[PDB]
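Chain letters run A, B, ... following the sequence lines, proteins first and then strands; every chain starts at 1. These values consider heavy atoms only, across backbone and side chains, with no hydrogens, waters or symmetry-generated copies.
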Amino acid sequence: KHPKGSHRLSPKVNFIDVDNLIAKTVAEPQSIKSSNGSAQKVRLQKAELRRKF
Amino acid sequence: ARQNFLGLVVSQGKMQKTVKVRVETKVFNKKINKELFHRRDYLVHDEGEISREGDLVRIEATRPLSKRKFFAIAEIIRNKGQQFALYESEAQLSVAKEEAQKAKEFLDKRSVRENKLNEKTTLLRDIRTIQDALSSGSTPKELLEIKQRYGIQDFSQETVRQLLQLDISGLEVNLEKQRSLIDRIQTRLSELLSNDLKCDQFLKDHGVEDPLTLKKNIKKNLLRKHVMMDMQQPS
RNA sequence: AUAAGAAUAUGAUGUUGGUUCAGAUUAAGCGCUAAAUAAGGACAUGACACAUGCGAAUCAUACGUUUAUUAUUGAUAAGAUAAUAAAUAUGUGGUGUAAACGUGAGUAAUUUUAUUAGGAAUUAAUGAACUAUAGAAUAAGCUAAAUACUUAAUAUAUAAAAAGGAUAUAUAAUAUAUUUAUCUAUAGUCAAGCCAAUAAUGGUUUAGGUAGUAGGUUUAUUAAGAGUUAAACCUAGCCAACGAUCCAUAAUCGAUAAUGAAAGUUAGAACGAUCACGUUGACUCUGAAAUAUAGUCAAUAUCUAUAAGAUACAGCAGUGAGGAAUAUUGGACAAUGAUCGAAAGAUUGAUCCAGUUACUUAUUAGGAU
RNA sequence: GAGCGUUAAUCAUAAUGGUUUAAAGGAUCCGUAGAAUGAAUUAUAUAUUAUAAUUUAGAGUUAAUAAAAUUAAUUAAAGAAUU
RNA sequence: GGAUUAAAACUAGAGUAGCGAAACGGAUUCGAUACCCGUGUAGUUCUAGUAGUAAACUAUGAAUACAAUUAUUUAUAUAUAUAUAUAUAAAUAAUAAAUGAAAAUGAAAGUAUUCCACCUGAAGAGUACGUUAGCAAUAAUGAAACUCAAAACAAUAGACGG
RNA sequence: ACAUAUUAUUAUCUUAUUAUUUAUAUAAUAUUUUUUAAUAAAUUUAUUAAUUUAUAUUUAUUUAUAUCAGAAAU
Ligand SMILES: [K+]
Ligand SMILES: [K+]
Ligand SMILES: [K+]
Ligand SMILES: [K+]
Ligand SMILES: [K+]
Ligand SMILES: [K+]
Ligand SMILES: [K+]
Ligand SMILES: [K+]
Ligand SMILES: [K+]
Ligand SMILES: [K+]
Ligand SMILES: [K+]
Ligand SMILES: [K+]
Ligand SMILES: [K+]
Ligand SMILES: [K+]
Ligand SMILES: [K+]
Ligand SMILES: [Mg+2]
Ligand SMILES: [Mg+2]
Ligand SMILES: [Mg+2]
Ligand SMILES: [Mg+2]
Ligand SMILES: [Mg+2]
Ligand SMILES: [Mg+2]
Ligand SMILES: [Mg+2]
Ligand SMILES: [Mg+2]
Ligand SMILES: [Mg+2]
Ligand SMILES: [Mg+2]
Ligand SMILES: [Mg+2]
Ligand SMILES: [Mg+2]
Ligand SMILES: [Mg+2]
Ligand SMILES: [Mg+2]
Ligand SMILES: [Mg+2]
Ligand SMILES: [Mg+2]
Ligand SMILES: [Mg+2]
Ligand SMILES: [Mg+2]
Ligand SMILES: [Mg+2]
Ligand SMILES: [Mg+2]
Ligand SMILES: [Mg+2]
Ligand SMILES: [Mg+2]
Ligand SMILES: [Mg+2]
Ligand SMILES: [Mg+2]
Ligand SMILES: [Mg+2]
Ligand SMILES: [Mg+2]
Ligand SMILES: [Mg+2]
Ligand SMILES: [Mg+2]
Ligand SMILES: [Mg+2]
Ligand SMILES: [Mg+2]
Ligand SMILES: [Mg+2]
Ligand SMILES: [Mg+2]
Ligand SMILES: [Mg+2]
Ligand SMILES: [Mg+2]
Ligand SMILES: [Mg+2]
Ligand SMILES: [Mg+2]
Ligand SMILES: [Mg+2]
Ligand SMILES: [Mg+2]
Ligand SMILES: [Mg+2]
Ligand SMILES: [Mg+2]
Ligand SMILES: [Mg+2]
Ligand SMILES: [Mg+2]
Ligand SMILES: [Mg+2]
Ligand SMILES: [Mg+2]
């Protein structure tokens, strides 16, 4: 018998799916939004470079 | 993984669900340039209270269970402590029965000796009446009684000789038979080994298959097993 | 891998044995002496007391307030409205000060340090503040007004939100567009809590210690284990001559410094890592995290405004004191950073430089004849 | 040598030691712990260790045979001399 | 940790011839709190205890493996043409080797292994203080400061010796 | 001996503050609630001040426990 209130087995290792990690962390913009603004264009360029990296 | 140690249970039954386990680890002492064993006692959780003092157990790290308890019993590697408890209980019953039997065999022997001390008749005197009545023809009722004191219904010269037999005599004959067997076994094997042809035949006669193709030790054991199967089984 | 001895006993000899010397070094002081330059350091002592000036501000594109001009209105000029250009940070607001800097008092470890390819309770509806993506941003009240605060609405058992401002254009205050902010969710990044094992000074002429003490069960509390804290009920344990308990002393350590052939020994100033503290003690608030250099009360000292007041230089410079002994009441935000701001920019005793001082190191301090 | 000296300190400079007679064998033995040490063969293992089986050279038990009359405790006696 | 532990000493009760701390006398002597003599108390003896100390010495802890000889005893065994002879151990003596400052050790103080106790200049000091134990005397444990460059052992050659 | 200073402790005494926990109010505020005046608008309704009613949030006093600190003892 293992101690009462304790887990008999060790917690399961968490294996990372890089495809899922990429999908949740650096997801692509869902729509091709209209970046007519100067600040919108800069933000779009920075986001694209960050996602590529 | 969780840190596991091997140790001997050194205390049990003093705390509820807690035992003390002695863990010895190997360390190097730079000062004396020697690899030493370092010892430490662990307070260990025993959920099932199965372990006993003397057991060899494996303890595994757990969550904090008390101020000083951080390990639990994970397996009983050897259960010498549990065996000790079982053998002690059995001994009390086993010894009581034997002592009762021996006490009854001592009182019985005492009664027989007391009974014999109540019979004034003595072996010498009784054997002097069975040898005078057998040489004179008189048959006083004492003889009939003597035929009950000893069970010797018939009074002949070959009945007093069987009333006075000493165990030593039997031992002397058993010893001669024992010596004969040993001497015969040795001479038989000694001769067999001297004659390889008679040896090969000997093995085949006793049921060996191609004894010729055998080693000295692999075959002398067969010869020894056969010589001792021809002087101890037939007798 | 790199390992040297010497002087001193004795009448003389051999040996035992201590003492001292030859080497290197310093957070050094002192005596005598002293040229320039470059670089590295500089109160180890009283966590003693401190005159004076500085070290934390910033935002006017949150709200409010105040001018001037022009136009319209006001049949006489007091005001109103809009545009434009300024002013206001002694009004309400936001963000910033849990860091950095300094110090080593406490701390010998239920707490601190170091280490491990350690662990679970199998750690919160925590983001602190950036990144990627998606969605949302509603109605009242209170204040003079608001991106203040309060109460509601709707948003992953379901719970739990918000905020507008600036600039254009079109409308008749509204709508779009741009720009900068607000809120929520998911992941990442950064970053937190808890536990184990091992090691960490001297004294037993401190030998017995312990009574929540050791363990079990349950509730409360927490994101979370556990006599961690509080309550209840049980068992009689737990630690200790391989040194318990107690006392004294001390911030700890390194790929740092010193030394040695090396194992080691010493230091812990300088560089870096960690911990603790900001005159002393306890407590509370906010918060993911604070017994916070905050707040509350008390203690000690000082001060002026005499108030249920303010201050506490272990931030920089500096002064008195103590001591053998440790420096400028300097310059600059040019560089690297940090904070505020949409930006323009503002602030920065962080920092960068210089000053003082042979404290250390290095170079130079004239060759041929 | 822009230092030199001196004081205060740190490291190094002999245990690749000793205890009849020079500092140092505990009066003696018994025996607990020892994180002290300790036989043989073979087979495994994760290996100078562990486990299992097997073995008798250390250490013990019993008996047989021979030998010895001491050392403890207790009780019962003797002797020369002395006053 | 435990047990035993000379002599002296102590507690209680018996004993007390001889011996004999002390005490009191006689001598010796310049003096004689001595050496010598007398009278001689405690003690020396026994029983029941306390105490755990000695030059308690081989000034040498215990165990195991091992190494060259002789001599002398002892023990066991063997043999005989019966009284010796031959073996194997132990003890002791003198040695080789080895070790050692040497004196010497000699089966250890040799060659090795294992475990325990103990030492780190002299003096202060086995003292002071504390503690523990004891009826007590005491026993165990056991420092530091100050001071010094000493201090000690074996051996050598002398000098000296009632 | 002892006179001092420092620290620690407590079956003791006093105790700021705070936390937790009691009891109380003709306590305050908001809402609800029962009525009542005054006032106002319109021609019943609203507002204000009271009373009744519960609810939540506070406040004052109060009970108990713990607690900085000081006193006494050791
Ligand atoms: K528990
Ligand atoms: K000299
Ligand atoms: K010397
Ligand atoms: K110097
Ligand atoms: K702004
Ligand atoms: K400073
Ligand atoms: K410190
Ligand atoms: K906007
Ligand atoms: K201690
Ligand atoms: K300094
Ligand atoms: K700057
Ligand atoms: K010696
Ligand atoms: K006498
Ligand atoms: K002797
Ligand atoms: K010994
Ligand atoms: Mg020197
Ligand atoms: Mg400089
Ligand atoms: Mg200082
Ligand atoms: Mg404005
Ligand atoms: Mg303001
Ligand atoms: Mg801080
Ligand atoms: Mg809104
Ligand atoms: Mg509003
Ligand atoms: Mg708000
Ligand atoms: Mg709300
Ligand atoms: Mg909702
Ligand atoms: Mg003392
Ligand atoms: Mg619990
Ligand atoms: Mg506790
Ligand atoms: Mg309780
Ligand atoms: Mg300190
Ligand atoms: Mg160190
Ligand atoms: Mg430092
Ligand atoms: Mg240190
Ligand atoms: Mg410094
Ligand atoms: Mg603090
Ligand atoms: Mg403080
Ligand atoms: Mg404070
Ligand atoms: Mg200060
Ligand atoms: Mg300063
Ligand atoms: Mg001075
Ligand atoms: Mg400045
Ligand atoms: Mg130089
Ligand atoms: Mg050395
Ligand atoms: Mg020795
Ligand atoms: Mg001895
Ligand atoms: Mg001795
Ligand atoms: Mg034997
Ligand atoms: Mg007597
Ligand atoms: Mg006399
Ligand atoms: Mg005794
Ligand atoms: Mg003595
Ligand atoms: Mg002695
Ligand atoms: Mg003797
Ligand atoms: Mg023995
Ligand atoms: Mg003594
Ligand atoms: Mg001599
Ligand atoms: Mg109170
Ligand atoms: Mg207190």
Options D:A36, C:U218, C:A132, nucleotide nearest the side-chain atoms of A:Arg50 =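 Between D:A36, C:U218, C:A132, the one nearest the side chain of A:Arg50 would be C:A132.
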
key: Options C:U218, C:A121, C:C238, nucleotide nearest the side-chain atoms of A:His7   = C:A121

ask   = Aromatic rings B:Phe202 and B:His226: how do their planes relate, parallel, tilted or perpendicular, breaks at 30° and 60°?
value =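 Ring orientation of B:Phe202 relative to B:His226: tilted.
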
ask   = Any donor-acceptor pair under 3.5 Å linking the side chain of B:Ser194 with the backbone of B:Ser190?
value =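 Between the backbone of B:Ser190 and the side chain of B:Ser194 there is a qualifying donor-acceptor contact (under 3.5 Å).
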
query = Between B:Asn195 (side chain) and B:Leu192 (backbone), is there a donor-acceptor pair under 3.5 Å?
reply = no

RNA chain C: 5'-proximal contact among A:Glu48 and B:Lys30 (nearest heavy atom) =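 Nearer the 5' end of the strand: A:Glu48.
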
ask   = In chain order, what residues pass the salt bridge (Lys or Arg N to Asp or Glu O under 4.0 Å) check against B:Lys102, with sequence neighbours excluded?
value =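 By the salt bridge (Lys or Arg N to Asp or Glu O under 4.0 Å) rule, B:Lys102 matches B:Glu98.
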
key: salt bridge (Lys or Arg N to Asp or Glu O under 4.0 Å) against B:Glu35, all qualifying residues, sequence neighbours excluded   =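 B:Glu35: no salt bridge (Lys or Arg N to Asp or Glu O under 4.0 Å) contacts found.
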
Identify each atom pair where a protein N or O and an N or O of nucleotides 178-181 of chain C are less than 3.5 Å apart, giving names and distance.
residue : atom : partner : partner atom : Å
C:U178  : OP1  : A:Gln40 : NE2          : 3.4
C:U179  : OP1  : A:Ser38 : N            : 3.4
C:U179  : OP1  : A:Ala39 : N            : 2.8
C:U179  : OP1  : A:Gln40 : N            : 2.9
C:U179  : OP2  : A:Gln40 : NE2          : 3.1
C:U180  : OP2  : A:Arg43 : NH1          : 2.9

Taking any heavy-atom pair under 4.0 Å as a contact, classify [X]: base, sugar-phosphate, or nothing.
{"X": "A:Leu9", "answer": "base"}
{"X": "A:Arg8", "answer": "nothing"}
{"X": "B:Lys31", "answer": "nothing"}
{"X": "A:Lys12", "answer": "nothing"}
{"X": "A:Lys4", "answer": "sugar-phosphate"}
{"X": "A:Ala23", "answer": "nothing"}

Kindly say if [X] contacts the phosphate of [N], meaning a side-chain N or O under 4.0 Å from OP1 or OP2.
{"X": "B:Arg2", "N": "C:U116", "value": "no"}
{"X": "A:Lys33", "N": "C:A134", "value": "no"}
{"X": "B:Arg39", "N": "D:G34", "value": "yes"}
{"X": "B:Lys69", "N": "C:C238", "value": "no"}

inquiry  = Please name the nucleotide paired to F:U44 by Watson-Crick or G-U wobble geometry with both distances under 3.5 Å, or report none.
reply    = F:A41

D:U13 - base-pair partner by Watson-Crick or wobble geometry, distances under 3.5 Å =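 Pairing partner, where one exists within any strand: none, as none qualifies.
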
Scan the side chains in residues 10-25 of chain A for donor-acceptor partners under 3.5 Å anywhere in the protein, sequence neighbours excluded, and list what turns up.
residue : atom : partner : partner atom : Å
A:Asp17 : OD2  : A:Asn20 : N            : 3.2
A:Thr25 : OG1  : A:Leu21 : O            : 2.7

According to a 3.5 Å cut-off on both distances, are [N] and [M] Watson-Crick or G-U wobble paired?
{"N": "C:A124", "M": "C:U73", "result": "no"}
{"N": "E:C66", "M": "E:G110", "result": "yes"}
{"N": "E:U44", "M": "E:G126", "result": "no"}
{"N": "C:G272", "M": "C:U69", "result": "no"}

What interatomic distance, in whole Å, is found between [atom1] of [M] and the corresponding atom of [N]?
{"N": "C:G323", "M": "C:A47", "atom1": "P", "result": "14 Å"}
{"N": "C:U296", "M": "C:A152", "atom1": "P", "result": "32 Å"}
{"N": "F:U74", "M": "C:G237", "atom1": "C1'", "result": "31 Å"}

task = Going 5' to 3' through nucleotides 186-196 of chain C, assign each nucleotide B (protein heavy atom under 4.0 Å from a base atom), S (under 4.0 Å only from sugar-phosphate atoms) or - (no protein heavy atom that close).
result = -BS------SB

remark   = The answer to which of B:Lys34 and B:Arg22 contacts RNA chain D further toward the 5' end, by nearest nucleotide, is B:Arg22

Which sugar class, north or south, is indicated for [N] by the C1'-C2'-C3'-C4' dihedral?
{"N": "C:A163", "result": "south"}
{"N": "E:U64", "result": "north"}
{"N": "C:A290", "result": "south"}
{"N": "F:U10", "result": "south"}
{"N": "C:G278", "result": "south"}

If anything within 90° of 0 is syn and all else is anti, what is [N]?
{"N": "C:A240", "value": "anti"}
{"N": "C:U103", "value": "anti"}
{"N": "C:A294", "value": "anti"}
{"N": "D:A12", "value": "anti"}

inquiry  = Assess the residue pair B:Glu119 and B:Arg149 against the criterion (salt bridge (charged side-chain N to carboxylate O under 4.0 Å, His left out)); give the C-alpha distance rounded to whole Å, side-chain angles, the decisive distance to 0.1 Å, and a yes or no.
reply    = CA-CA 9 Å; B:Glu119 302 183 8; B:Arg149 303 313 198 80; 2.6 Å; yes

query = For B:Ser138, which residues count as a side-chain contact (heavy atoms from CB on, under 4.5 Å) partner, sequence neighbours excluded?
reply =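 So B:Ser138 forms a side-chain contact (heavy atoms from CB on, under 4.5 Å) with B:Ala133, B:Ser136, B:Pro140.
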
ask   = How would you list, by chain and number, every residue that makes a side-chain contact (heavy atoms from CB on, under 4.5 Å) with B:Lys116, sequence neighbours excluded?
value = none

key: Contact list for residues 105-115 of chain B, test side chain to side chain donor-acceptor pair (under 3.5 Å), sequence neighbours left out   = B:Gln101-B:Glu105

request  = Quick one: which residue pairs count as a side chain to side chain donor-acceptor pair (under 3.5 Å) with a foot in residues 65-79 of chain B, not counting sequence neighbours?
outcome  =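 Output for this query lists B:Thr18-B:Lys69, B:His45-B:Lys69, B:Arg58-B:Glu75, B:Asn79-B:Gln83.
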
